[PDB]
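Below you'll find only one chain, the form deposited in one PDB entry, shown as structure tokens.
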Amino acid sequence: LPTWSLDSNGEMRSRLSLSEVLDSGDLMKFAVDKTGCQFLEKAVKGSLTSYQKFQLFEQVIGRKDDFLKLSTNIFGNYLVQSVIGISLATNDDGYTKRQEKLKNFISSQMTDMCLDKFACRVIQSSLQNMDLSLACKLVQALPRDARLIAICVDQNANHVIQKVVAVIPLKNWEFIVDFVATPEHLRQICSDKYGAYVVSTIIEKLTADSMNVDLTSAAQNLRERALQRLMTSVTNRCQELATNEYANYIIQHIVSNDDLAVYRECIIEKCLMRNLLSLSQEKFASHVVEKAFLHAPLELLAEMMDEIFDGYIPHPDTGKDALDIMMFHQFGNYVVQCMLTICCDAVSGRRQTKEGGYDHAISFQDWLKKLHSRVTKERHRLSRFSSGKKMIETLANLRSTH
């Protein structure tokens, strides 16, 4: 910190004015000091004369090197964000040259700033506050090569991609959907902790739900196309993603969203059907199997039920069947509980049994009677287990209501 601005105790002075700092040429020393930048952040929020704004503009966002030094700084990045907001609120003659220059600074250093803990906040701020036409040019500065994978899986930069998805029209970031849909890229990005949030946010934005009713028809076509490109890649690697520690959330998200119903159905048939017993015994995919049971259309649900009750040859020596395996399995037991809960919800009115022009009530009662007979016959072994006690209780609570 500069000595001219200190007391005889070594502390910063009170009664210090913004203009003294701006006139001193020492702003950069204040902006990276906690006490200095705290002073600047309060001063910058008050009434500013035209010349004060002018100095802040040239000293904070006017030269590329100091702008980057401040943007990547623990304290400075906050001052940068405030001065950008003031710049956007000041419609003087130099407005346009200020905003284009800000676009050029960030554009030339887009990748490095995205991956920085502090500069990625300057990017996120600019994307949602700048004029949309300039914000779109920032998006265009994103890399199209291996760096984009790194950006998606970065603990900081993944939030830049999600911000783009939230506040920029799809036409400007459609290249990201096609980048991510390329099979090798999709594999790397969905099987990563941060990348899986990225893919899920994209899918949500490409979904024709109540949050997108404001799109034009043309924009809905654009959206539907990008959605179908991505769902085609997701459904081709569907087994791999369903069993992965992070990507299983993407499959669950698709399967449980009614506004993705046609993709729910492709996933169930392409990936889960004929593999229900195997996937019910997987740590991560057993969650996907639960979502499938909870949200399948009723004629697929019938096939899923029939696969569990009758799809597998019993063990040649013991006669154990799929239901026997699943009820006592560390993950499969949660899928049987889900099947039981669906059936008790149906017969008690908690779940609508009318679907495609028919009341499937008779089918839920069939499946329930199967579970009830099994749980009755095996009640002694089942009562040794928490899951088993819960099914016995679930059936006892049903006959109490009905």
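From 1 onward, residues are counted along the sequence shown.
One more form of this protein should be noted, the form deposited with a partner chain bound, which is absent from this view; the next part is about it.
Residues of just one listed stretch (322-330, 185-193, 94-102, 129-137) have heavy atoms within 4.5 Å of its partner chain in the deposited bound form: 322-330. The closest heavy atom approach of residue 108 to its partner chain in the deposited bound form falls outside 4.5 Å. The closest heavy atom approach of residue 313 to its partner chain in the deposited bound form falls within 4.5 Å. Of the heavy atoms in residue 144, none are within 4.5 Å of its partner chain in the deposited bound form. Interface membership of residue 277, defined by any non-hydrogen atom within 4.5 Å of its partner chain in the deposited bound form, is confirmed. Checking 81, 281, 228, 236 for any heavy atom within 4.5 Å of its partner chain in the deposited bound form turns up a single hit: 281.
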